[PDB]
Structure formats: C-alpha cells, structure tokens
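Peer 1: Provided below: start-v7.pdb, containing PDB, C-alpha atoms (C1' of nucleotides).
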```pdb
ATOM      1  CA  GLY H   2       5.723  -4.756 -30.587  1.00  0.00           C
ATOM      2  CA  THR H   3       4.864  -1.236 -29.581  1.00  0.00           C
ATOM      3  CA  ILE H   4       6.497  -0.831 -26.139  1.00  0.00           C
ATOM      4  CA  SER H   5      10.044  -1.271 -24.849  1.00  0.00           C
ATOM      5  CA  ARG H   6      11.504  -3.986 -22.593  1.00  0.00           C
ATOM      6  CA  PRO H   7       9.019  -4.239 -19.680  1.00  0.00           C
ATOM      7  CA  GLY H   8      10.371  -7.547 -18.469  1.00  0.00           C
ATOM      8  CA  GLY H   9       8.357  -9.160 -15.716  1.00  0.00           C
ATOM      9  CA  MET H  10       5.203 -10.348 -17.489  1.00  0.00           C
ATOM     10  CA  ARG H  11       2.761  -8.081 -19.303  1.00  0.00           C
ATOM     11  CA  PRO H  12       2.046  -5.089 -16.960  1.00  0.00           C
ATOM     12  CA  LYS H  13      -1.741  -5.664 -17.177  1.00  0.00           C
ATOM     13  CA  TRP H  14      -1.811  -9.347 -16.221  1.00  0.00           C
ATOM     14  CA  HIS H  15       0.644  -8.670 -13.368  1.00  0.00           C
ATOM     15  CA  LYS H  16      -1.845  -6.083 -11.976  1.00  0.00           C
ATOM     16  CA  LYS H  17      -4.714  -8.613 -12.225  1.00  0.00           C
ATOM     17  CA  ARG H  18      -2.753 -11.259 -10.278  1.00  0.00           C
ATOM     18  CA  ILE H  19      -2.063  -8.775  -7.397  1.00  0.00           C
ATOM     19  CA  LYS H  20      -5.833  -8.002  -7.303  1.00  0.00           C
ATOM     20  CA  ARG H  21      -7.040 -11.611  -6.963  1.00  0.00           C
ATOM     21  CA  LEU H  22      -4.261 -12.005  -4.321  1.00  0.00           C
ATOM     22  CA  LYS H  23      -5.500  -9.017  -2.321  1.00  0.00           C
ATOM     23  CA  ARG H  24      -9.171 -10.103  -2.454  1.00  0.00           C
ATOM     24  CA  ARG H  25      -8.154 -13.528  -1.071  1.00  0.00           C
ATOM     25  CA  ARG H  26      -6.119 -12.022   1.798  1.00  0.00           C
ATOM     26  CA  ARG H  27      -8.934  -9.661   2.898  1.00  0.00           C
ATOM     27  CA  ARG H  28     -11.393 -12.591   2.955  1.00  0.00           C
ATOM     28  CA  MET H  29      -9.151 -14.651   5.285  1.00  0.00           C
ATOM     29  CA  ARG H  30      -8.215 -11.825   7.700  1.00  0.00           C
ATOM     30  CA  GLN H  31     -11.816 -10.587   8.126  1.00  0.00           C
ATOM     31  CA  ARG H  32     -12.934 -13.869   9.714  1.00  0.00           C
ATOM     32  CA  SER H  33      -9.754 -14.397  11.717  1.00  0.00           C
ATOM     33  CA  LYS H  34      -9.999 -11.257  13.870  1.00  0.00           C
TER
ATOM     34  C1'   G D   1      -0.486  30.105  80.751  1.00  0.00           C
ATOM     35  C1'   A D   2      -0.124  25.301  78.842  1.00  0.00           C
ATOM     36  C1'   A D   3       0.788  19.137  77.416  1.00  0.00           C
ATOM     37  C1'   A D   4      -1.661  14.414  76.166  1.00  0.00           C
ATOM     38  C1'   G D   5      -6.345  13.428  74.118  1.00  0.00           C
ATOM     39  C1'   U D   6     -11.654  14.706  71.325  1.00  0.00           C
ATOM     40  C1'   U D   7     -14.539  16.346  67.116  1.00  0.00           C
ATOM     41  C1'   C D   8     -15.305  18.774  62.163  1.00  0.00           C
ATOM     42  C1'   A D   9     -13.489  20.826  57.526  1.00  0.00           C
ATOM     43  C1'   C D  10      -9.512  21.233  53.967  1.00  0.00           C
ATOM     44  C1'   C D  11      -4.836  19.689  51.482  1.00  0.00           C
ATOM     45  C1'   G D  12      -3.395  14.666  50.349  1.00  0.00           C
ATOM     46  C1'   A D  13       1.118  10.432  50.228  1.00  0.00           C
ATOM     47  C1'   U D  14      -0.208   5.391  49.272  1.00  0.00           C
ATOM     48  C1'   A D  15      -3.222   1.222  48.030  1.00  0.00           C
ATOM     49  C1'   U D  16      -7.472  -0.752  45.466  1.00  0.00           C
ATOM     50  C1'   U D  17     -11.221  -0.518  41.659  1.00  0.00           C
ATOM     51  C1'   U D  18     -13.573   1.476  37.018  1.00  0.00           C
ATOM     52  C1'   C D  19     -13.167   3.892  32.446  1.00  0.00           C
ATOM     53  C1'   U D  20      -9.675   5.854  28.721  1.00  0.00           C
ATOM     54  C1'   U D  21      -5.144   5.730  26.158  1.00  0.00           C
ATOM     55  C1'   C D  22      -0.091   4.690  24.653  1.00  0.00           C
ATOM     56  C1'   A D  23       4.187   1.500  24.541  1.00  0.00           C
ATOM     57  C1'   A D  24       6.222  -3.202  24.287  1.00  0.00           C
ATOM     58  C1'   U D  25       5.989  -8.809  23.878  1.00  0.00           C
ATOM     59  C1'   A D  26       5.368 -14.746  23.441  1.00  0.00           C
ATOM     60  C1'   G D  27       2.854 -17.575  19.540  1.00  0.00           C
ATOM     61  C1'   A D  28       0.037 -22.933  16.796  1.00  0.00           C
ATOM     62  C1'   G D  29      -1.248 -21.983  11.891  1.00  0.00           C
ATOM     63  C1'   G D  30      -1.566 -19.058   7.161  1.00  0.00           C
ATOM     64  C1'   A D  31       0.523 -15.697   3.098  1.00  0.00           C
ATOM     65  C1'   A D  32       4.069 -12.600   0.334  1.00  0.00           C
ATOM     66  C1'   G D  33       9.040 -10.159  -1.205  1.00  0.00           C
ATOM     67  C1'   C D  34      14.145 -10.290  -2.370  1.00  0.00           C
ATOM     68  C1'   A D  35      19.089 -12.602  -3.203  1.00  0.00           C
ATOM     69  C1'   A D  36      21.630 -16.987  -5.140  1.00  0.00           C
ATOM     70  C1'   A D  37      21.737 -19.192 -11.355  1.00  0.00           C
ATOM     71  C1'   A D  38      24.370 -25.767 -14.654  1.00  0.00           C
ATOM     72  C1'   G D  39      17.261 -27.930 -11.154  1.00  0.00           C
ATOM     73  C1'   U D  40      11.929 -28.937 -13.364  1.00  0.00           C
ATOM     74  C1'   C D  41       7.428 -27.913 -17.183  1.00  0.00           C
ATOM     75  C1'   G D  42       6.396 -25.156 -21.326  1.00  0.00           C
ATOM     76  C1'   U D  43       7.462 -20.820 -24.982  1.00  0.00           C
ATOM     77  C1'   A D  44       4.293 -15.667 -23.376  1.00  0.00           C
ATOM     78  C1'   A D  45       7.617 -11.147 -25.101  1.00  0.00           C
ATOM     79  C1'   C D  46      11.573  -8.682 -28.765  1.00  0.00           C
ATOM     80  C1'   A D  47      11.308  -9.662 -36.667  1.00  0.00           C
ATOM     81  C1'   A D  48       4.080  -9.004 -39.032  1.00  0.00           C
ATOM     82  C1'   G D  49       8.382 -13.172 -32.938  1.00  0.00           C
ATOM     83  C1'   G D  50       5.139 -17.036 -36.687  1.00  0.00           C
ATOM     84  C1'   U D  51      -3.117 -15.642 -33.040  1.00  0.00           C
ATOM     85  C1'   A D  52       0.209  -6.822 -34.569  1.00  0.00           C
ATOM     86  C1'   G D  53       1.110  -4.936 -29.699  1.00  0.00           C
ATOM     87  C1'   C D  54      -0.679  -2.330 -25.454  1.00  0.00           C
ATOM     88  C1'   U D  55      -4.631   0.068 -21.803  1.00  0.00           C
ATOM     89  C1'   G D  56      -9.500  -0.376 -18.785  1.00  0.00           C
ATOM     90  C1'   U D  57     -13.025  -4.174 -17.057  1.00  0.00           C
ATOM     91  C1'   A D  58     -15.324  -9.122 -16.243  1.00  0.00           C
ATOM     92  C1'   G D  59     -14.948 -14.387 -16.645  1.00  0.00           C
ATOM     93  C1'   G D  60     -11.775 -18.824 -17.284  1.00  0.00           C
ATOM     94  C1'   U D  61      -7.012 -21.574 -16.655  1.00  0.00           C
ATOM     95  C1'   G D  62      -0.780 -26.030 -14.239  1.00  0.00           C
ATOM     96  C1'   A D  63       2.224 -21.744 -15.633  1.00  0.00           C
ATOM     97  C1'   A D  64       3.920 -17.813 -18.869  1.00  0.00           C
ATOM     98  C1'   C D  65      -1.436 -16.494 -20.114  1.00  0.00           C
ATOM     99  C1'   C D  66      -6.385 -17.162 -22.906  1.00  0.00           C
ATOM    100  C1'   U D  67     -11.367 -15.152 -24.332  1.00  0.00           C
ATOM    101  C1'   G D  68     -15.620 -11.281 -24.728  1.00  0.00           C
ATOM    102  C1'   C D  69     -16.736  -5.741 -24.910  1.00  0.00           C
ATOM    103  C1'   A D  70     -14.824  -0.367 -25.602  1.00  0.00           C
ATOM    104  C1'   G D  71     -10.331   2.577 -26.612  1.00  0.00           C
ATOM    105  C1'   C D  72      -4.915   4.156 -28.193  1.00  0.00           C
ATOM    106  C1'   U D  73      -0.440   3.882 -32.120  1.00  0.00           C
ATOM    107  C1'   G D  74       4.155   4.223 -28.266  1.00  0.00           C
ATOM    108  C1'   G D  75       1.886  -0.112 -36.028  1.00  0.00           C
ATOM    109  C1'   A D  76       3.021  -3.484 -40.157  1.00  0.00           C
ATOM    110  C1'   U D  77      -0.686   2.620 -42.768  1.00  0.00           C
ATOM    111  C1'   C D  78       1.675  10.105 -42.597  1.00  0.00           C
ATOM    112  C1'   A D  79      -1.099   8.415 -49.336  1.00  0.00           C
ATOM    113  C1'   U D  80      -5.648   7.273 -54.112  1.00  0.00           C
ATOM    114  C1'   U D  81     -14.030   8.493 -56.464  1.00  0.00           C
ATOM    115  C1'   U D  82     -12.270  16.232 -58.148  1.00  0.00           C
TER
END
```
Just give me the structure as structure tokens.

Peer 2:
Amino acid sequence: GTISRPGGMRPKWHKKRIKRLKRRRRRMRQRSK
RNA sequence: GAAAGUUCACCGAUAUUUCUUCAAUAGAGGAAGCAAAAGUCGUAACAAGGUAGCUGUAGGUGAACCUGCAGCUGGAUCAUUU
C-alpha cells in the first residue's frame, strides 16, 4: 500500500478499459454514417 | 384641354426553382451512466493483505485483473570498506 482509498478498481486499469471502449465505438460509428 | 387604350424603362408584392445556412422531429437496431442493496461467480485492494504498491505504454484474459519494458516512494530502507 502506498496510496489512499481509491475505490473503483485500480485507476490505471480503469483508464485502459475506457480506451478499448472508445476505440470500439469509433470503429462502429465510422461505417454507420 | 382631356378619358379609355399602346409601347419602353424602373421600383417590386407573390409564386416557382437553385445554392447556402439554422432550428426542430419520427425511428428498426447498437452502446454507456447513475440510483436501488438479503441475487450470482470469484477475492483484486487496505497488515510485507499472504505475487510491496502505484504511474506511462503494448499484448493477453469470464471478471476483479495478469504479463513484458522504463520510472517514482505517496515503502517494508532517512544508516555501515576512512
């Protein structure tokens, strides 16, 4: 332990998830227009 | 002198069409967020939390996450060849 009560995952992994979500969304939308 | 009417130019309602632009709206299907707290699968985090922890980046994975490379101490070290 080295940080205080961040609760809601590790703040690094939770960034990563939002990235591979955003990539996905872009890929969809681009074709759909 | 002077009416109806003629012809040309100008101003131009209105309609139509083109371009431009703003506002608002139906919707198959797809994807997130939050609030409820006695559902389900695990145990990642807080003690060296039982693979120290965290940051940046890439890859992998049912999920929390895991693994490589380079950093920080907000460590578990303020410190051992005169």

Peer 1: Please write as a list in words the full residue list that the PyMOL selection byres ((chain D) within 12 of (chain H)) yields on this file.

Peer 2: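 On this input, the PyMOL selection byres ((chain D) within 12 of (chain H)) captures residues 29, 30, 31, 32, 44, 45, 46, 47, 48, 49, 52, 53, 54, 55, 56, 57, 58, 63, 64, 65, 66, 72, 73, 74, 75 and 76 of chain D.
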
Peer 1: For a cut-off of 8 Å around (4.0, -26.2, -15.9), file coordinates, pick out all residues using all atoms listed in the file and list them as a PDB file with C-alpha atoms (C1' of nucleotides), in the frame of the given file.

Peer 2:
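What follows is the written file point_23.pdb:
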```
ATOM      1  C1'   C D  41       7.428 -27.913 -17.183  1.00  0.00           C
ATOM      2  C1'   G D  42       6.396 -25.156 -21.326  1.00  0.00           C
ATOM      3  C1'   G D  62      -0.780 -26.030 -14.239  1.00  0.00           C
ATOM      4  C1'   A D  63       2.224 -21.744 -15.633  1.00  0.00           C
TER       5        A D  63
END
```

Peer 1: Which distance in Å separates CA of residue 18 (chain H) and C1' of residue 61 (chain D), to one decimal?

Peer 2: 12.9 Å
